[PDB]
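Structural description and commentary
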Amino acid sequence: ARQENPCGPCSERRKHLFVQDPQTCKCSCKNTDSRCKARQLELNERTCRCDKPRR
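Structure determination for this PDB entry was carried out by solution NMR, as recorded in the header.

The name recorded for the protein chain in the PDB entry is vascular endothelial growth factor, from Homo sapiens.

And the structure:
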């Protein structure tokens, strides 16, 4: 009535961290690389979390 556009699940368990659009039904992590880099970290697109590459 207002839209009607079913979207397929993105993640599995830790899906709350993602954001889904009603037009493309795609997902994008909430946290950004900038935030992770703020403490020498790198946002991973698998779980949307910060990780330490080396330094």
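1. Structural notes on the overall build of the protein chain
Per the secondary structure count, the protein chain includes one helix and four strands. Ordered by position from the N terminus, the helices and strands of the protein chain form the series β-β-α-β-β. The long-range share in the protein chain, meaning contacts at least 24 apart out of those at least 6 apart in sequence, stands at 10%.

2. Describing the state of the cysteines
Evaluated as defined, the whole model comprises four disulfides. Disulfide pairing places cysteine 10 opposite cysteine 27 at an S-S distance of 2.0 Å. Since a negative S-S torsion denotes a left-handed disulfide, the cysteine 10-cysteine 27 link at about 80° is right-handed. Residue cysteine 10 is found in the segment before β1 (18-20), and its partner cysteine 27 is found in strand β2 (residues 27-29); the two are separated by 17 residues along the sequence. Among the residues examined, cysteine 10 registers a relative accessible area of 38% and is labelled partly exposed.

3. Quick notes on the side chain of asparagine 31
Position of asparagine 31 relative to the elements: it lies in the loop between β2 and α1 (33-37). Sequence-distant contacts of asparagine 31, defined by excluding residues within four places in its chain, comprise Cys36, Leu43, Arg49 and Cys50.

4. Overview of the environment of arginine 49
Following the sequence through the fold, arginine 49 ends up in strand β4 (residues 49-51). In this view, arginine 49 contacts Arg14, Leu17, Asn31, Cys36, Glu42, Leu43 and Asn44; residues no more than four positions away in its chain are not counted.

5. Looking at unusual backbone geometry
A positive phi angle, close to 55°, is found at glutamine 40, a residue other than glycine. Tracing the sequence through the fold places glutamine 40 in the loop between α1 and β3 (42-44). By relative accessible area, which is 57% here, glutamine 40 ends up exposed. We note that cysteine 48 has phi near 65°; this positive angle belongs to a residue other than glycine. Within the secondary structure, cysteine 48 sits in the loop between β3 and β4. Judged by relative accessible area, which is 1%, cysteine 48 ranks as buried.

The rules we used
- Residues numbered from 1 in each chain as written, not as in the entry; some residues may be left out.
- Heavy atoms only, no water.
- Residues with missing side-chain atoms left out of burial classes, pairs and counts.
- Helix = DSSP H or I, 4+ residues; strand = E, 2+ residues; numbered from the N terminus.
- Contact = heavy atoms within 4.5 Å.
- Disulfide = S-S within 2.5 Å.
- Buried < 20%, exposed > 50% of the residue type's maximum accessible area, 1.4 Å probe, protein only.

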